[PDB]
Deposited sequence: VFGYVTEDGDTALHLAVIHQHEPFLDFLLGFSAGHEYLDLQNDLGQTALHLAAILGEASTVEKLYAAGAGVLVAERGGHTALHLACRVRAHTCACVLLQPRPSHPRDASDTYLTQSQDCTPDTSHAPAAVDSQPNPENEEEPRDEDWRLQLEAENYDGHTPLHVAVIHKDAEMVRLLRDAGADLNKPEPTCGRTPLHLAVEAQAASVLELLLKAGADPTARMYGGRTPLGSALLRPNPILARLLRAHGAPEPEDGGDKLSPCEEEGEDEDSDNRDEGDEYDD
């Protein structure tokens, strides 16, 4: 029953200070309760703070103790969303599987396509932060490689071209991302590539589909 001026409970502060002992203590009996899900003023939960810190062990303890994984902080970000922008691969691993439970699953999957207020799902973030490793992870976890972001319909492949991430582009390409998709304006991943300074990208796409674009010079005004 304690809150900081910023809304952080003992649990929040246990992770902020990184007190595995006290965190272990807290989770002693708070496990299986909504205490775990309390949000400070930034709308963050202990799990959220754990993700940001990149502490895989911490993330597992909370997750194992029944911590809600789909809770959203002020940016609509889920713990996993936070992990993709911090490159916390191992935390992602902890979360991207069934919750821990000894010899005393579609649920952990729901995290895969949850989206923040930027219309981004974990994958969108991963690809934007050119986090190739996080892409392999999400791809293997089964994330929608074609899912368009809402501001203009950009797909992972579109985001990969905007980031000029070749390894990412290629990973997405070999995984089966449709190189035919176009954003609200009609532009396709190959088309955007041509308007970018990295030749490798166009070649990669050429080698996996290469449907040559149109033109319509931005349809001038």
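Chemist: What ranges of the deposited sequence are left out of this structure?
Modeler: According to the deposited record, C-alpha coordinates are absent for 1-2, 107-143, 261-282, which together make up the missing parts.
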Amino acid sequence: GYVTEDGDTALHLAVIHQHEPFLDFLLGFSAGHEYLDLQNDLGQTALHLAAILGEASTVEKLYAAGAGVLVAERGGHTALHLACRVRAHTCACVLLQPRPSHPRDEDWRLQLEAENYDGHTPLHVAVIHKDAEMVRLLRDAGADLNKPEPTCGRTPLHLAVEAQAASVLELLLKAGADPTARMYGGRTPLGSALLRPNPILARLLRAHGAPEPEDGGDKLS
From here on, numbers count along this sequence of modelled residues.
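Chemist: Tell me which stretch, 68-76 or 87-95, has the higher mean Cα B-factor listed in the entry.
Modeler: The entry gives the higher C-alpha B-factor average to 68-76.
Chemist: Name the higher of the two by mean Cα B-factor in the PDB entry, 191-199 versus 157-165.
Modeler: Taking the mean C-alpha B-factor of 191-199 and of 157-165, the larger value falls to 191-199.
Chemist: If I read the C-alpha B-factors straight from the PDB entry, which of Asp144, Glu149, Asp140, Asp105 is highest?
Modeler: Out of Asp144, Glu149, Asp140, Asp105, the record gives the largest C-alpha B-factor to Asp105.
Chemist: Could you say whether, by C-alpha temperature factor, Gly185 belongs to the lowest, middle or highest third of its chain?
Modeler: Middle third.
Chemist: Which third, lowest, middle or highest, does the C-alpha temperature factor of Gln44 belong to within its own chain?
Modeler: Tercile = lowest for this residue's CA B-factor.
Chemist: Would the CA B-factor of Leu62 place it in the lowest, middle or highest third of its chain?
Modeler: Answer is lowest: the recorded C-alpha B-factor places it there.
Chemist: Sorting the chain's modelled residues by C-alpha B-factor, tell me whether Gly54 ends up in the lowest, middle or highest third.
Modeler: For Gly54, the deposited C-alpha B-factor lands in the middle third.
Chemist: Which third of the chain does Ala31 land in by C-alpha B-factor: lowest, middle or highest?
Modeler: Ranked within chain, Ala31 CA B lands in the highest tercile.
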